[PDB]
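> Take a look at the following structure, please.
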Amino acid sequence: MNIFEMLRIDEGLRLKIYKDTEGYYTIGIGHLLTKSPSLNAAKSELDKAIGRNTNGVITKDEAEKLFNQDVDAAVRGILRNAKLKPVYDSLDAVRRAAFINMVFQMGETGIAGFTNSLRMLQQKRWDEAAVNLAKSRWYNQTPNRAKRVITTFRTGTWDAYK
Ligand SMILES: [Cl-]
Ligand SMILES: [Cl-]
């Protein structure tokens, strides 16, 4: 198990534009296209992301390509963010995958409300951090995925995911 297989389990793969859990147009492996309601605005951003006229449909390779770019940028934003960096640096390899997972799903911006949980992870207080992480809209909205990520932070193993 690695970051790629972990996110491919949490996000799935869809080759046709679909709506995510919050109702936004997405395609591939969790690739958010737009927060607008317009299917047209979505098709447009998609064509722009792929470099071809797609008509809302892409190939597996194209999806994987978008996925490689998005993990890379998730990582790189963590590294550039001053509150994130130090958390990330302090963690072991499994827990780092859990943090990237959070960032990919919710952006540096969503992850901003985790000030308290981030401090707890940094201090390595696993059980407390797991309790604090659960008190969030995130956990209430996508409980099964949250529980898997949460368990990865609590345990430091990939158990939630075999
Ligand atoms: Cl893009
Ligand atoms: Cl879920």
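If you're wondering about the labels, chains in the structure tokens are A, B, ... by order shown, residues count from 1 in each chain, ligands from 1 in order shown.
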DSSP on the backbone, alpha helix (DSSP H) only: what residues of range 5-69 of chain A does that give? Format it as a PDB file with C-alpha atoms, in the first residue's frame.


```
ATOM      1  CA  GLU A   5      -3.464   2.907  -4.052  1.00  0.00           C
ATOM      2  CA  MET A   6      -4.844   4.479  -0.892  1.00  0.00           C
ATOM      3  CA  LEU A   7      -6.473   7.400  -2.721  1.00  0.00           C
ATOM      4  CA  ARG A   8      -7.656   5.163  -5.591  1.00  0.00           C
ATOM      5  CA  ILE A   9      -9.534   3.194  -2.954  1.00  0.00           C
ATOM      6  CA  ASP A  10     -11.096   6.290  -1.376  1.00  0.00           C
ATOM      7  CA  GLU A  11     -12.040   8.157  -4.533  1.00  0.00           C
ATOM      8  CA  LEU A  39     -22.148  21.162 -16.876  1.00  0.00           C
ATOM      9  CA  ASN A  40     -20.829  23.340 -19.582  1.00  0.00           C
ATOM     10  CA  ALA A  41     -18.423  25.162 -17.382  1.00  0.00           C
ATOM     11  CA  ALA A  42     -17.244  21.578 -16.269  1.00  0.00           C
ATOM     12  CA  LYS A  43     -16.792  20.295 -19.868  1.00  0.00           C
ATOM     13  CA  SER A  44     -14.767  23.380 -20.569  1.00  0.00           C
ATOM     14  CA  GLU A  45     -12.411  22.985 -17.636  1.00  0.00           C
ATOM     15  CA  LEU A  46     -12.085  19.297 -18.507  1.00  0.00           C
ATOM     16  CA  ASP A  47     -11.036  20.058 -22.084  1.00  0.00           C
ATOM     17  CA  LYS A  48      -8.668  22.605 -20.750  1.00  0.00           C
ATOM     18  CA  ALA A  49      -7.149  20.032 -18.257  1.00  0.00           C
ATOM     19  CA  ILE A  50      -6.732  17.331 -21.012  1.00  0.00           C
ATOM     20  CA  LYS A  60      -7.909   5.503 -18.134  1.00  0.00           C
ATOM     21  CA  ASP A  61      -4.510   6.901 -19.010  1.00  0.00           C
ATOM     22  CA  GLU A  62      -5.812  10.457 -19.053  1.00  0.00           C
ATOM     23  CA  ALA A  63      -7.400   9.870 -15.644  1.00  0.00           C
ATOM     24  CA  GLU A  64      -4.173   8.509 -14.286  1.00  0.00           C
ATOM     25  CA  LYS A  65      -2.277  11.324 -15.673  1.00  0.00           C
ATOM     26  CA  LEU A  66      -4.521  13.863 -13.890  1.00  0.00           C
ATOM     27  CA  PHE A  67      -4.198  11.730 -10.720  1.00  0.00           C
ATOM     28  CA  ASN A  68      -0.326  11.850 -10.874  1.00  0.00           C
ATOM     29  CA  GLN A  69      -0.498  15.614 -11.191  1.00  0.00           C
TER      30      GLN A  69
END
```

> Residues at most 12 Å from residue 155 in chain A, counting only C-alpha atoms, excluding those fewer than 3 positions away in the same chain, as a list in words?

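My list of contacting residues is residues 92, 94, 95, 98, 121, 124, 125, 126, 127, 129, 130, 147, 148, 149, 150, 151, 152, 158, 159, 160 and 161 of chain A.
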
> Kindly give the distance, in Å, that separates CA of residue 20 in chain A and CA of residue 101 in chain A, rounded to a single decimal.

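Interatomic distance, CA of residue 20 in chain A to CA of residue 101 in chain A: 16.0 Å.
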
> Of the candidates A:111, A:30, A:157, A:123, which shows the shortest atom-to-atom distance to residue 97 in chain A, using only C-alpha atoms?

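Checking each of A:111, A:30, A:157, A:123 against residue 97 in chain A, counting only C-alpha atoms, the winner is A:157.
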
> Using only C-alpha atoms and all ligand atoms, find each protein or nucleic acid residue lying at most 9 Å from ligand 2; present the set as a list in words.

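What falls inside 9 Å of ligand 2 is residues 10, 21, 139, 141, 142, 143, 144, 145, 146, 147 and 148 of chain A.
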
> Output N, CA and C atoms for every residue in that selection, as a PDB file, in the first residue's frame.


```pdb
ATOM      1  N   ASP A  10     -10.181   5.275  -1.886  1.00  0.00           N
ATOM      2  CA  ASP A  10     -11.096   6.290  -1.376  1.00  0.00           C
ATOM      3  C   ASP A  10     -11.918   7.123  -2.377  1.00  0.00           C
ATOM      4  N   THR A  21     -19.414  13.985  -3.683  1.00  0.00           N
ATOM      5  CA  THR A  21     -20.309  13.956  -2.543  1.00  0.00           C
ATOM      6  C   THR A  21     -20.878  15.293  -2.219  1.00  0.00           C
ATOM      7  N   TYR A 139     -15.912  14.353   8.986  1.00  0.00           N
ATOM      8  CA  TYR A 139     -16.238  13.069   9.516  1.00  0.00           C
ATOM      9  C   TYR A 139     -17.725  12.829   9.437  1.00  0.00           C
ATOM     10  N   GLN A 141     -19.916  14.144   7.241  1.00  0.00           N
ATOM     11  CA  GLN A 141     -20.289  14.013   5.852  1.00  0.00           C
ATOM     12  C   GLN A 141     -19.773  12.723   5.206  1.00  0.00           C
ATOM     13  N   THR A 142     -18.506  12.320   5.401  1.00  0.00           N
ATOM     14  CA  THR A 142     -17.995  11.108   4.760  1.00  0.00           C
ATOM     15  C   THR A 142     -17.395  10.253   5.822  1.00  0.00           C
ATOM     16  N   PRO A 143     -18.276   9.724   6.651  1.00  0.00           N
ATOM     17  CA  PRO A 143     -17.844   8.925   7.793  1.00  0.00           C
ATOM     18  C   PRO A 143     -16.944   7.690   7.522  1.00  0.00           C
ATOM     19  N   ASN A 144     -17.219   6.917   6.475  1.00  0.00           N
ATOM     20  CA  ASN A 144     -16.433   5.726   6.201  1.00  0.00           C
ATOM     21  C   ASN A 144     -15.011   5.990   5.756  1.00  0.00           C
ATOM     22  N   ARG A 145     -14.838   6.967   4.884  1.00  0.00           N
ATOM     23  CA  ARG A 145     -13.531   7.407   4.447  1.00  0.00           C
ATOM     24  C   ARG A 145     -12.804   8.080   5.630  1.00  0.00           C
ATOM     25  N   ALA A 146     -13.470   8.993   6.354  1.00  0.00           N
ATOM     26  CA  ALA A 146     -12.893   9.630   7.541  1.00  0.00           C
ATOM     27  C   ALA A 146     -12.375   8.554   8.516  1.00  0.00           C
ATOM     28  N   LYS A 147     -13.208   7.573   8.837  1.00  0.00           N
ATOM     29  CA  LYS A 147     -12.786   6.532   9.753  1.00  0.00           C
ATOM     30  C   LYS A 147     -11.547   5.771   9.320  1.00  0.00           C
ATOM     31  N   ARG A 148     -11.425   5.510   8.016  1.00  0.00           N
ATOM     32  CA  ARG A 148     -10.227   4.838   7.502  1.00  0.00           C
ATOM     33  C   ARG A 148      -8.976   5.752   7.718  1.00  0.00           C
TER      34      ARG A 148
END
```

> Rounded to one decimal, what separation in Å do you get between CA of residue 138 in chain A and CA of residue 32 in chain A?

16.8 Å

> Identify all residues of range 15-87 of chain A in strand (DSSP E) (DSSP on the backbone) and supply them as number ranges by chain.

A: 15-19, 25-28, 31-34

> Could you give me, as a VMD selection string, the residues within 9 Å of residue 99 in chain A, counting only C-alpha atoms and dropping anything in the same chain fewer than 4 positions from it?

chain A and resid 78 87 to 88 95 103 to 104 149 153

> Go ahead and save the residues from that selection, with N, CA and C atoms, as a PDB file, in the first residue's frame.


```
ATOM      1  N   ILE A  78       1.547  21.015   0.615  1.00  0.00           N
ATOM      2  CA  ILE A  78       1.841  20.708   1.992  1.00  0.00           C
ATOM      3  C   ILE A  78       3.260  21.316   2.266  1.00  0.00           C
ATOM      4  N   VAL A  87       4.118  19.646  10.424  1.00  0.00           N
ATOM      5  CA  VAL A  87       3.349  18.467  10.802  1.00  0.00           C
ATOM      6  C   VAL A  87       3.825  17.279   9.975  1.00  0.00           C
ATOM      7  N   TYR A  88       3.879  17.516   8.685  1.00  0.00           N
ATOM      8  CA  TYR A  88       4.272  16.547   7.712  1.00  0.00           C
ATOM      9  C   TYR A  88       5.659  16.002   8.044  1.00  0.00           C
ATOM     10  N   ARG A  95       1.618   7.728   8.234  1.00  0.00           N
ATOM     11  CA  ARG A  95       0.875   8.901   8.680  1.00  0.00           C
ATOM     12  C   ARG A  95       0.987  10.034   7.694  1.00  0.00           C
ATOM     13  N   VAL A 103      -5.476  16.411   2.582  1.00  0.00           N
ATOM     14  CA  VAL A 103      -5.208  17.542   1.729  1.00  0.00           C
ATOM     15  C   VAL A 103      -5.825  17.330   0.378  1.00  0.00           C
ATOM     16  N   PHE A 104      -5.659  16.168  -0.268  1.00  0.00           N
ATOM     17  CA  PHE A 104      -6.241  15.922  -1.595  1.00  0.00           C
ATOM     18  C   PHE A 104      -7.788  16.142  -1.614  1.00  0.00           C
ATOM     19  N   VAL A 149      -9.028   7.030   7.306  1.00  0.00           N
ATOM     20  CA  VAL A 149      -7.904   7.965   7.445  1.00  0.00           C
ATOM     21  C   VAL A 149      -7.508   8.119   8.919  1.00  0.00           C
ATOM     22  N   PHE A 153      -4.096   7.386  11.129  1.00  0.00           N
ATOM     23  CA  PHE A 153      -3.376   8.311  12.006  1.00  0.00           C
ATOM     24  C   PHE A 153      -3.245   7.691  13.396  1.00  0.00           C
TER      25      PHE A 153
END
```

> Calculated over only C-alpha atoms and all ligand atoms, which of the candidates A:59, A:90, A:34, A:81 has the smallest distance to ligand 1?

A:34

> Could you check the closest approach to ligand 1 for each of A:162, A:96, A:31, A:76 and tell me which residue wins, using only C-alpha atoms and all ligand atoms?

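Closest to ligand 1, using only C-alpha atoms and all ligand atoms: A:31.
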
> For ligand 1, which of A:33, A:105, A:1, A:16 is the closest residue, counting only C-alpha atoms and all ligand atoms?

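Counting only C-alpha atoms and all ligand atoms, the residue closest to ligand 1 is A:33.
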
> Closest to ligand 1 among A:110, A:56, A:51, A:156, using only C-alpha atoms and all ligand atoms?

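Of A:110, A:56, A:51, A:156, the one nearest ligand 1 is A:51, counting only C-alpha atoms and all ligand atoms.
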
> Compare A:12, A:24, A:91, A:72 by their minimum atom-to-atom distance to ligand 1, counting only C-alpha atoms and all ligand atoms, and give me the closest one.

A:72

> Using CA of residue 107 in chain A and CA of residue 128 in chain A as the two end points, give the distance in Å to one decimal.

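Computed distance, CA of residue 107 in chain A to CA of residue 128 in chain A, equals 23.0 Å.
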